[PDB]
Structures are given as structure tokens and as C-alpha cells.
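The chain below stands alone and is given in C-alpha cells; this is the form solved without the named molecule.
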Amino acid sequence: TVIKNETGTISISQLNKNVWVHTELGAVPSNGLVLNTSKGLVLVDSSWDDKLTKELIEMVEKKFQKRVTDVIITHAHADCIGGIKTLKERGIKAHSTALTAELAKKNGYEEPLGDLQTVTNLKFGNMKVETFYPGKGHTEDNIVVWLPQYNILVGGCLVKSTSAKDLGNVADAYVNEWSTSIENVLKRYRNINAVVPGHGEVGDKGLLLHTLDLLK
């Protein structure tokens, strides 16, 4: 099941029962997750800006007839924290590491909570979510998200898609450490099923290996 807005700039694809992938075009696509829980909707990453973020939120709240209660910000770039102003005015908790919170302020964005530690486990209803900071890579602050009940890993921009031959913006990246950080993710999660890249189609652990290949 895939749902889109009339313009086609926002789509939501179902991965499983309560897990969907949201994609917005900035055209340049960016992925995130929508988790449908018994106590509201939880998103992994917002969108490019406040307009798209508001649209995304309105779209999912209308579909599931629930409130978006929390959002996990994976790093301080527009495709992830672009709609932070929209989140705060709607009472949506914007979770992030302390580092992401300070880099956000530095990039002219309002500040997220800065509550996430290196390993943080959250439970929304019956939905379990684990956030993990593997080290510097695409950015100094990038984190990954793990759904242990499904063995689904949200790689974010730390992971490139199968067709990608470019690492993207590396002005804020730590290219040399990036490989070590991906290795930390591989060592931590031994049995991965699906892997969601920052941009592109959902794949498997092969995407992490592919990214390591690009980094060589």
C-alpha cells in the first residue's frame, strides 16, 4: 500500500503492519519512518522544510486518525530537521542526541530535546525503538534507529542506496571514520532483515557493505 499527495512530492509506503516509510521530494527524495502505535504516531525524521513537514504530518494524522506524538531526529541536516518549527508548535516531542541539538542551533534551526544517549530504548505502546550513535560518518552526529521486533534498521544518510555511487555532501562528513562507524553498526546488529537508506529504496545488510565499498 502506497499513499501520495496530489502533487506527488510526498508518499508513504507500508513496510509491515505498523511500519511505513515516508518519502518527500525536495527533485531530491528523502526517507523516514512512520510508526503506527496504540498510543499515537511516531516518526523517524521530519522533512526538508516546515511546509512539507506540516503536509506529511497532516497526511498521516488523517490516515491513521491519531496524533503524531514523537519524532526521532537522526541528524542536523534539512532533510531530517527541516520542520522542527512545525513539530514544536504542534506539541510533538523532537528527540535527538545532545550533539544533534547543538549542531541544530548552529545551523539556524530551533533546538530538539537532546535527550538521546549513545544507546536509548523507547517504547511507544507495543512498538519498541532503539537509537544508536555509531560514531562520526555522514555527519558528526548521525545516529541509526533499530526496530528489534522486526529487525529493521534505519540507516539514514550513513547508508547509501543500491544505485548510489556518490556519498553526497561530505563537507560536514568524517569520511575516514565513516567506515568504522558502519562497522560498529554491523557488530551491534548481527541479524538484520531490512535496511532503510537515507535516500533510495529499502534494502538489506548489503547496503551497508555497498556503502563501505564506496568509502574504500
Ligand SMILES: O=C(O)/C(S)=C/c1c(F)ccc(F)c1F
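Numbers for residues come from their place in the sequence shown, where the first is 1.
The next section is about a form of this same protein that is not shown, the form deposited with the named molecule bound.
The contact residue chosen from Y189, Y150, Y174, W48 relative to the named molecule in the deposited complex is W48, the criterion being a non-hydrogen atom within 4.5 angstroms. Heavy atoms within 4.5 Å of the named molecule in the deposited complex map, among the stretches 86-94, 128-136, 70-78, 114-122, onto 70-78 alone. In the deposited complex, no heavy atom of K205 sits within 4.5 Å of the named molecule.
Interface membership of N169, defined by any non-hydrogen atom within 4.5 Å of the named molecule in the deposited complex, is confirmed.
Proximity of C157 to the named molecule in the deposited complex falls within the 4.5 Å heavy atom cutoff. Contact annotation for 113-131: no residue has a non-hydrogen atom within 4.5 angstroms of the named molecule in the deposited complex.
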